[PDB]
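# Coordinate analysis (summary)
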Amino acid sequence: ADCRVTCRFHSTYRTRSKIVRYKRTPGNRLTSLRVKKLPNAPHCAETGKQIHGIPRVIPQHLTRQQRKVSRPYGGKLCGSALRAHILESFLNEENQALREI
Amino acid sequence: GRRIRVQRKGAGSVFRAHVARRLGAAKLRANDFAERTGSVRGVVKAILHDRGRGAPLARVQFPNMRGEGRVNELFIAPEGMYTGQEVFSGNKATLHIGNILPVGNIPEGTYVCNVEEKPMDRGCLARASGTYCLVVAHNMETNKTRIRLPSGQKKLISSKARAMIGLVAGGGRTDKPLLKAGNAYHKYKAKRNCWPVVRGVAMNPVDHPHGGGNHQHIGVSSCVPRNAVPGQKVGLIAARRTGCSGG
Amino acid sequence: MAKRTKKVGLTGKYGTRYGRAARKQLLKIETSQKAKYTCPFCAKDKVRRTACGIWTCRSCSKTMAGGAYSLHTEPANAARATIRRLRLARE
Amino acid sequence: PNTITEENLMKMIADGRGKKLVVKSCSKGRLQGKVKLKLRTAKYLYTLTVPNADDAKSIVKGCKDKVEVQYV
Amino acid sequence: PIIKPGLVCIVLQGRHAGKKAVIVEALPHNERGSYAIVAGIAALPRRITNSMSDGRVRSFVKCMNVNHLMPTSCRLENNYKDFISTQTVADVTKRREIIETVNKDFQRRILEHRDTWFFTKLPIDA
RNA sequence: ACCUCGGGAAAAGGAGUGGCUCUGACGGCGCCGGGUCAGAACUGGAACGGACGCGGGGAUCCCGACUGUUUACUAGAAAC
RNA sequence: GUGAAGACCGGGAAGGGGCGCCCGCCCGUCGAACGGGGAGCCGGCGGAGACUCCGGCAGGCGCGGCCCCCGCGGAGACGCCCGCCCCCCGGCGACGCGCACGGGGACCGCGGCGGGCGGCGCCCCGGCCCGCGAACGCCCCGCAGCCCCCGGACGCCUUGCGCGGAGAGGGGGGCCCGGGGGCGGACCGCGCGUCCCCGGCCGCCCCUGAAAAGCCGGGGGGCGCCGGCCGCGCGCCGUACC
């Protein structure tokens, strides 16, 4: 009648990295599986919006295709930000010519 | 006797500034060849909060003139500056809020803040919330500009000294009552161990010159000479006058 | 409605404490701090305070420096005008 | 552990890649529709559940003499 | 009526963002939206060679939403629309041969120093 | 009463409360799933928060506005 | 740099490396068995231990052999098995408190069926015990959120809100989701709570809630990788018990 359990971690102090999830094992016992803190996906350098297409896994265990977006400045800039950058650059050069002409 | 609180404070040690988690030293961009001739363009990446400062700070990113990267400056933010503003620091800079120009260039009557006491000091006067200095006059023969410090005192500073156009943001912060002792503890925790304050007439004879008797009284006059000794200067130092009055 | 008849509208929390003068002053500052202000870009009344001096428009996604309890302070409004008049005059 | 792609990839791995042992575990708990073939590789143990004993036989046919079978 | 065959534009969305592209046909306005057939430089020539010059050009022929392309003053007039068509490009194959032909057409121009504004990369400062 | 209009206030002061047998509500429909809120009869040495848990209240006067802090091992105060 | 010294104080001082060069102001192999970190699960075994043994099954990081070989798809948001070095720019590491509300997991309780009991003066299909499924690997879903494409409006919506000509609703999509299912590893239904995690908010502050190692994108230059498969390796110290 007791499903109380004991700590899996080196010390009992329950910090952010010391959280457990209880499941029943094949042998009918409650086991404490560790819950890893979810790493977070890259956020756009300009703006602050999470970059679409990249999973929230540590980048080392991801695979190169998964850790990249097929776009110029892909994991750095979101598409709206990139289109603003492209447009701003093109317009500046076009106004400069008008100043000369 | 015992060393008084003022004496114990100068060794730091518990009375040292709580400077952890403070963004950095807010300072005007360094004077450079491109500042001295022409203007450098920066973009305000962010406007954030300094732990012990009421006035908001601002991360402005300038291009690296020396090399190839981008350099980030921390500036006390004038009111009205926004993220994605273009701030120009230069001798040829337009008079818009945020821009840093030498005080000779700044016209008379202009509200300025983060003014340099001496050229290339990267910031000194008018750095607190709401505070500003005003350009009073320029002597173009002495290359000096009179400014009125927020105190009212008029200072003649070199025309070369730089200042950020505008009034520091955070204006009217002390208008709100602290209301509770708790709100005070939160403000001082971000600053230094100076609060709570025990009156010297509350302390025993050893601890303070005001000390203690059968009744809580200042004993001799609170006014102390300017040439007092370091543990004796405790009340009103060198008071020209005391008391509430008209004006 | 009008749950608080007097000007204890935001200061009902303080209850019977702190004195009338403090509560009256807090009414003005508190109402100003939690008010929505109009962003000079979004032009939408969505600016709210993040910290003392920092105001963000939720739609425009732009942060602007401001007064501790109001997006715009009276001294600042005057300074912007003085700087504009002096600027236009210099050019 | 994983499920091998039909006997398509299972027989391809059996032909060359590690196939240290195959186990024809029919009658897992005496249950029907139960021929489970468990290929041991270096990378993973793979299991294809096959509908009939005759279906299992076609995959057992062509099992290498070098490939080792065990039956449960 | 800005959108016309022979307009140089800057692609703004997709993998071809920031590239310069030329419209060879203005696809008729339809429920999908307004679209045009765009042929443009996916990759610029190359780097050092010998000294500065004493090396390949890649092109993309894809249909693209006009909203995703910013109009510019440049031209790059070529006959072009004889080979590039709606049945082609959509076709798997034929498009690859059409791309190959455009790649050669582009290299001839760059070697003969024609249409340099089109053949220079738009600098996107971060 | 008073009040700084937030309080005072659980002011003060009354009345009921069990068990049985029901009856409505409420989402739930292929009707299926709730356990609370009412209302009702019939009961019973004149019982029912039946143990347990769990403000006595009011009228003032003096201090200190308040929540806080303090003499570990005689002073928690009106002192700080 | 001081001081009679013991000692104390400290950036302004030709401060890093191979060959031809090149690049380069200037310290922590200090400090945390709770902070950050590349990766562990199940079943068993012993008189004394186990995330350590043993049996299975996996994950991490490197060293070699062999083979292969330098991008495509989309209207877009994305998708897809993918190079490395330098310099620049960025990201992840990385973060407060709260009332609610939602979603999972465990727990709990209720039936049913299957197995095992106990009592029985009368009743009892009314009592009790048991009915197990881990990391991991593929495939599929996953609210809210964030985007895309058409198009051009009083609507869409929450518990509370909030949202929309800077583009709502509607229609079709993309992404993330510490999760769920299916198979592999290897009993069936239902409900109310509790606890823990998580989400989208909303509130709050003269209070704004660490840093770095490491890892990974991006721009520009250089420049050839990349993978796959098969072996091997993983040293040091702590580990009884209270």
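Residues numbered from 1 in each chain as written, not as in the entry; some residues may be left out. Chains lettered and ligands numbered in written order. Part of a larger assembly, values for the part shown. Heavy atoms only, no water.

As summarised from the PDB record, the model derives from cryo-EM at a stated resolution of 3.25 Å.

Under the annotation held in the PDB entry, chain D carries the name Ribosomal protein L38e and is attributed to Giardia lamblia ATCC 50803. As recorded in the PDB, the entry bears the title "Giardia Ribosome in PRE-T Hybrid State (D2)".

The PDB entry annotates chain A as Ribosomal protein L34 of Giardia lamblia ATCC 50803. The record in UniProt for chain A states the following under Sequence similarities (unreviewed entry): "Belongs to the eukaryotic ribosomal protein eL34 family." (UniProt positions renumbered as here; feature names shortened; annotations may be inferred.)

Another aspect to go through is the interface of chain C and chain B. At the junction of the two partners, chain C supplies 33 residues and chain B supplies 33 residues. Summed over both partners, the interface of chain C with chain B comes to about 2600 Å²; 68% of that surface belongs to carbon and sulfur atoms. Taken together, the links from chain C to chain B amount to zero salt bridges. Where chain C touches chain B, the interface holds 10 residue pairs in polar contact. Taken together, the elements giving at least two residues each to the side of chain C that touches chain B come down to α1 (19-33), β3 (62-65) and α2 (74-90) of chain C. (Contact = heavy atoms within 4.5 Å. Buried area = accessible area lost by both parts, 1.4 Å probe. Salt bridge = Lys/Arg side-chain N within 4 Å of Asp/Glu carboxyl O. Polar contact = N/O pair within 3.5 Å; in protein donor to acceptor, adjacent residues only side chain to side chain. Helix = DSSP H or I, 4+ residues; strand = E, 2+ residues; numbered from the N terminus.)

Around RNA strand G, 114 residues are found, and the nearest of them are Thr-25, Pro-39 and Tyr-73 of chain A, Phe-41 of chain C together with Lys-28 of chain D. Close to the protein, within 4 Å, the atoms of RNA strand G belong to sugar or phosphate groups at a rate of 75%. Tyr-44 of chain D is positioned with one of its side-chain polar atoms (N or O) 2.8 Å from a phosphate oxygen of RNA strand G. Looking at the surface near RNA strand G, the elements with two or more residues in it are β1 (20-24) and β2 (30-34) of chain A, α3 (181-189) of chain B, β1 (47-51) of chain C, β2 (35-40) and β3 (45-50) of chain D together with β4 (58-65) of chain E. No other element matches the five residues that β4 of chain E contributes to the surface near RNA strand G. Residue classes in the surface near RNA strand G are distributed as 30 nonpolar, 38 polar and 46 charged. (Near = heavy atom within 4 Å. Nonpolar A, V, L, I, M, F, W, Y, C, P; charged D, E, K, R; others polar.)

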